[PDB]
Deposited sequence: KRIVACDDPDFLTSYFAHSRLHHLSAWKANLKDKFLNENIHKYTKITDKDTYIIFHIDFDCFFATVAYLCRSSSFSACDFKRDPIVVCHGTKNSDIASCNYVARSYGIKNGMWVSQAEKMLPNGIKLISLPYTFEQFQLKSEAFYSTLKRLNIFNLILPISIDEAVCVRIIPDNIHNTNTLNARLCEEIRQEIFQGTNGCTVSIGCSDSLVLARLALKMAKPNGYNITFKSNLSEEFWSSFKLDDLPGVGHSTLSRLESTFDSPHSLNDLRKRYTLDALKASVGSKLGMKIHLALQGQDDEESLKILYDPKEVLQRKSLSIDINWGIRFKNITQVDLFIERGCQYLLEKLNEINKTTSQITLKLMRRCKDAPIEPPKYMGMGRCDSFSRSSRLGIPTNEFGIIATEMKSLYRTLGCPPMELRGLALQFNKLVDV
C-alpha cells in the first residue's frame, strides 16, 4: 500500500509491475522474439505464387474471462453469463481493461472509465470489479500458443498479441469449419475453460472482420466472394483495422455520418477518401471495402522475420509524473537510461539515434486533472539526435537525453509525462 512516487528509484519497477499496458507491450515484444528464436533455421516467407487461408484466432474478453476463472473466494456468488464484469484497479476514473459480453450489452467498452460504465447500468444491475491476475494471463497465453503448435494445422503462426495469433494455411489444389471447431475445443480444454473465436478468410482484413462477426465464442468463414450487403451492414466504421476515433471522425465529417461500413461503401469515392484520411489509409480502406489487403499488411506474410524484428526501444511514462525541480528530472532520466540500456544489452544491440518526448500541461488545464495522478490535458514536445557512432554507452546516451530536455525547456512543475527512445538499433 502507499504508491511509490516518481522520485523514487524503484518507481519504474513498481509502476510496470502494476501497468497492464506495460505488460501488453512486454508480452508482445517477447513473443516476436520467441518467434525469431524459434525460426532462425526455418524458411518462412510466403510468395506471390502461394495460395493461402488465414485463421485469425483471438480470446474472448481475455482479462475478464481469465480473471473470472481465478476469482478469489469473495467473488464466488458471481456469474459470468448473467452479470456484467470488468477488470480494473480503481472505482472512478480507472480504466476498464476488459469487460465481458454481459457488460457490453449495456454499451460498456474496453478502455472506458468505471464511473462512465456504472452510469450505463439500469437500476438493479451491479458492476462486478475483478483485479488483474498478470501471471494467469500469461499461463493461459502459453497454453494457447502451445496448443496451436501441437495440432498440426498451420504453415505459420504469427503472434500478434498475448491473446491473438494470425495462423496461415498454404493450400496447393468445409474442412475449414471442422478445423475451426477443433481449435476452439482444444483451446477451451488446454486453457481450462477460456474461449477463443475465429475468423477465417483468404485475406487478413476479412479474417479480421470475420473474427469480429464471430465474436462471442464462435467462428465465421466469409471469403472475398461471400461478401454481401448484409455483411458490410453489420460493422461500425472503426471495425476496420487502422481506423480509430480520429479517422472515424474524419470519415463522418466527410461522408455525412455513414453508420455502417455498407453506408460508407455506398457513398465513398477514392479521391474523396484519400483527401479525408490521408492517401495511404484511404487506399487501405478502399482495398478493405473489397476484401483486399494493402501492401504494408502483407509484409507480415511475405517477410515475417523483417516485420517482427524490433526496430526501436523505449519507455513512455504518462501517469504519476510530478516533479518540483530539474535535479529530480535528471535523476529520473538517468534511471530511465539505466533501465533501457539493460534492455539494449539483453537484446545485443546498440543505438544510433535517440529521442526525448514530453507531455507538458496545457496553459489552460487545471493543475490537477480529474484522473487521480493522471497527465490531464497536454501538449507534446519532441526532440531527437543522431549519435556519432552506434553505441550502448550510458555516458553518451544519458548526457544527450538530459541535454534534449534543456532544449525543450519544459519547467519541471509542468511536466506530466516523459518518453525516452532509442530510435535506430544496430546489431552487435
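In this chain the deposited sequence has one gap in the coordinates, at 174-179.
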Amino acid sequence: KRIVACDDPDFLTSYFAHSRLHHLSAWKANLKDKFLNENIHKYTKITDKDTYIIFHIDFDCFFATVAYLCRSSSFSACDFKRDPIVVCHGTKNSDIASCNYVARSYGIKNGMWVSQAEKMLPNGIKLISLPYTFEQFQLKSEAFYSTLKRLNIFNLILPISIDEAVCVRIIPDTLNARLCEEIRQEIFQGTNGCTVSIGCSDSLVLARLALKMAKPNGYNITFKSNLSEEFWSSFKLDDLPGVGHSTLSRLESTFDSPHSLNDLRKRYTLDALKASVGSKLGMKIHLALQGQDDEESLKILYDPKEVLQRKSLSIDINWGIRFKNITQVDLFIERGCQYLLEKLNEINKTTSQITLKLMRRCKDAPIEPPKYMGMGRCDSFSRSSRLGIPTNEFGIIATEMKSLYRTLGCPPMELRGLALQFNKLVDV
From here on, numbers count along this sequence of modelled residues.
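Here the rigid core means the biggest group of C-alpha atoms that line up within 1.5 Å when the two forms are laid on top of each other.
Relative to the displayed structure, the C-alphas of 115-123 lie farther away on average in 8 other deposited structures of this protein than those of the other candidate, with 327-335 and 115-123 compared after rigid core superposition.
Root-mean-square C-alpha deviation from the shown form, taken over all structures in 8 other deposited structures of this protein superposed by the rigid core, is larger for 97-105 than for the alternative among 97-105 and 201-209. In this entry, the higher average B-factor at the C-alpha atoms falls on 69-77, of the pair 69-77 and 108-116. Annotation for 164-172 versus 324-332: the higher mean temperature factor (C-alpha) is found in 164-172. When the C-alpha B-factors of 51, 385, 30, 403 are ranked from the entry, the top spot goes to 51. Highest C-alpha temperature factor among 185, 318, 94, 129 per the entry: 185. Among all modelled residues in this chain, the alpha-carbon of residue 90 has a temperature factor (C-alpha) in the lowest third.
Among all modelled residues in its chain, residue 366 ranks in the highest third by Cα B-factor. The PDB entry assigns residue 155 a C-alpha temperature factor belonging to the highest third of its chain's modelled residues. When all modelled residues of the chain are sorted by CA temperature factor, residue 43 is found within the highest third. Ranked within its chain, residue 399 lands in the lowest third, by CA B factor from the PDB record.
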